[PDB]
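The data below hold one chain only, encoded as structure tokens and taken in the form deposited without the ligand.
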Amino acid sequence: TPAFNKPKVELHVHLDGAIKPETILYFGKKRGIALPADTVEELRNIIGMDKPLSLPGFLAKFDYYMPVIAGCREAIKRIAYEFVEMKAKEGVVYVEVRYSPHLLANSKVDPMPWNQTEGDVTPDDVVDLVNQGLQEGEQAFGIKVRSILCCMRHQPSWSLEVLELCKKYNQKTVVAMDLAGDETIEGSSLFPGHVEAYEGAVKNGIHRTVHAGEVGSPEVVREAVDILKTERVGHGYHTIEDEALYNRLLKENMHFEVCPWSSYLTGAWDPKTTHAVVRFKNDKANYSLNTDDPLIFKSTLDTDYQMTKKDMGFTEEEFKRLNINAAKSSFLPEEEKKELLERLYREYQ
């Protein structure tokens, strides 16, 4: 019995953290690349988490399977296709899915991720391949899907390139740039490559989101906002530890991309305290609900809606409010955005 059985908008979910175990197993066998398990079940149970870990334990889960997807054209297009399939079944009508094109390439990329052999798949290739899969997904499942390209905190040397890729594939299907990875890499918001890329983004009207305040202090949110010029903050739970900053962002109508279930398993929320999102609901904050990494968190959007309903008092009305807010905060050009709001309102009747 699903918590919100109506159209939803998702703004924060990683393609490489939302792949079917079956597809991972398939490509592991086909390529003859090692996996940590040999059946869907056990794969799902070693890759997945049912208990909170630390951030290093969380990120480590990717090492398990990334090697079988990365460098593989067929897999890249396929996981993007299958991404749309999964979400359409979740009752999502618009979603922005994000990934690092560099992390799936095996050519013209340095350092070489996952220790791959030089192949022929460039980070440009990657974007194209995800575009094709998502576009095919749309044609097949009938929901709207856009992509966001992630800068990686530890790798500021890839950032200007991520910006070129958002420019080259603008709206087809790239709508924005993100900054993801290890948030506690001290002073990393200020690495010249990220700073320069975000400045390049502001100048070219390339939309901007920034992972901040998931585990970082509110300072890291402040940097995202005042230095990187972000339009949305990924996570941002810790923003409320700074009354002034928080209240500033409320008034500017900052968007917080909230991942309830995720925040629990990454240990980014201490379960013994009120979730930050409860404060967001009570303050009429602008935020969305997101699965983040459904493969690793063994979840779908419902997990998150179920969570906030059973545990945080969320009502049909608030679910409605927040998806309308997510629509308005989406990175869709003005006309498509009006169409989305138009469809939500008709379907919330």
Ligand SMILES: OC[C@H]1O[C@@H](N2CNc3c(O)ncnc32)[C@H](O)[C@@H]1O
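A residue's number is simply how far along the shown sequence it sits, counting from 1.
As for the form deposited with the ligand bound, it is not shown, yet the points below apply to it.
Evaluate residue 119 for contact with the ligand in the bound PDB entry, applying a 4.5 angstroms cut-off between non-hydrogen atoms, and reply yes or no.
Residue 119 lies outside the contact set for the ligand.
Would you please decide whether residue 27 lies within 4.5 angstroms of the ligand in the bound PDB entry, comparing each non-hydrogen atom pair?
No, no contact at 4.5 Å.
Applying a 4.5 Å heavy atom distance criterion, does residue 304 contact the ligand in the bound PDB entry?
Although the ligand is absent here, residue 304 would stay clear of it in the bound PDB entry, with no heavy atoms inside 4.5 Å.
Does residue 62 reach the ligand in the bound PDB entry if we count a contact as any heavy atom within 4.5 Å?
Taking the distances in the bound PDB entry, the answer for residue 62 is yes, it comes within 4.5 Å of the ligand.
Could you check which residue among 103, 206, 245, 134 gets a heavy atom within 4.5 Å of the ligand in the bound PDB entry?
None of the other options qualify; the answer is 103.
Considering the ligand in the bound PDB entry, which of 235, 194, 87, 232 comes within 4.5 Å of it through any heavy atom?
Among 235, 194, 87, 232, a heavy atom within 4.5 Å of the ligand in the bound PDB entry occurs only for 235.
Could you tell me which stretch in 93 to 101, 270 to 278, 69 to 77, 219 to 227 has residues with non-hydrogen atoms within 4.5 Å of the ligand in the bound PDB entry?
The contacting stretch here is 93 to 101.
Which residues in 141 to 167 have a heavy atom within 4.5 Å of the ligand in the bound PDB entry?
Going through 141 to 167 in order - heavy atoms within 4.5 Å of the ligand in the bound PDB entry - the hits are 150, 152.
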